[PDB]
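For reference, the chain that follows is the form deposited in one PDB entry, supplied as structure tokens.
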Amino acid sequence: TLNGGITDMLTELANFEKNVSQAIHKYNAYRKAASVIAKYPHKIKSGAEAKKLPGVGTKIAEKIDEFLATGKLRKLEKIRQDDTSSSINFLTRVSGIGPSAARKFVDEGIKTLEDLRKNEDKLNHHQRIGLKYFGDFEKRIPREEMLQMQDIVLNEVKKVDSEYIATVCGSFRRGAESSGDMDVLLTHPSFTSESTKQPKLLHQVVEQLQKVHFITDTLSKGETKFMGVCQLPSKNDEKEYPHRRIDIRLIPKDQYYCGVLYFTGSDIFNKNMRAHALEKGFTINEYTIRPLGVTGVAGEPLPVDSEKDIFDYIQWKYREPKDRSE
């Protein structure tokens, strides 16, 4: 973290733009700049030096000059002192509360953890669970725990049907020493891009994980995506493990490579790669890579037999998962 002061500053600005200003393109701009600076292998000495990096422009270079000179940003100092901004930023830390809900809550005079707790009747299901586990969800998961969670999920899935394949993705697959949550990509040969030969494929797995008390709560659930809460079992006399966020995504089996590319991330890596694809005349989602016709309409799915094939189409050298932590 050679430039941690700068990247922290840009991340704080990004969050302000998303949560308070509701300016998603500014949010993405700040996060892109923070990411490119984070990988830069020199301690930055000026805004001009930073401006040479793709995604850092005139305004950010100016802020970098102020930050290097003084160790702070007047713009952020004022934001920190603003009650409405402060309140909104806090409330959005609850899962299920976004910029819109946060501002609405603050309008009604709900602006603290205490306020939320006394007004549960005003929260939807997702928000209620987000509140319940507020503390737990801001804790990171040690890789050692991720390995224990992996073993439980892979073994329980196998007990349901030996034909399932579950792959842990997200930061775990990128080799991180800690993760924010657990991301599980699921396949089964009965669900392909061509047909669904069995119903309840995701349901049966969620059900089994609930039965063994691994999954503890549900935030949202459909045919292909589960979003919930899980917890490792603790031993006799042992303090309980924190509750953790878990996401499970069932992807058509024949579209595994596009799926695992998506679910491995990072999010900024995906945005950067998908934007590069567009410049190259392709569109990538979690299912397919397609060409863009002269008009602008996506054409038919191209053959993909590896993650690398996707990189090849857009003329990028392959990057291993561990090198996608942007």
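Throughout, rigid core stands for the largest set of C-alpha atoms superposing within 1.5 Å between the two forms. Don't overthink the numbering: it's just position in the shown sequence, from 1.
Form deposited in another entry: not shown, discussed below.
Undergrad: Superpose on the core and compare between the shown form and the other one; which one of 109, 222, 135, 71 crosses the 2 Å Cα shift mark?
TA: Just 71.
Undergrad: If the CA atoms of residue 87 and residue 268 move by 3 Å or more in that other deposited form, do they move toward each other or away, so closer or farther than here?
TA: Those two alpha carbons end up farther apart in that other deposited form.
Undergrad: Once you compare with this form, do the C-alpha atoms of residue 98 and residue 268 lie closer or farther in that other deposited form, given a change of 3 Å or more?
TA: Farther apart in that other deposited form, by 3 Å or more.
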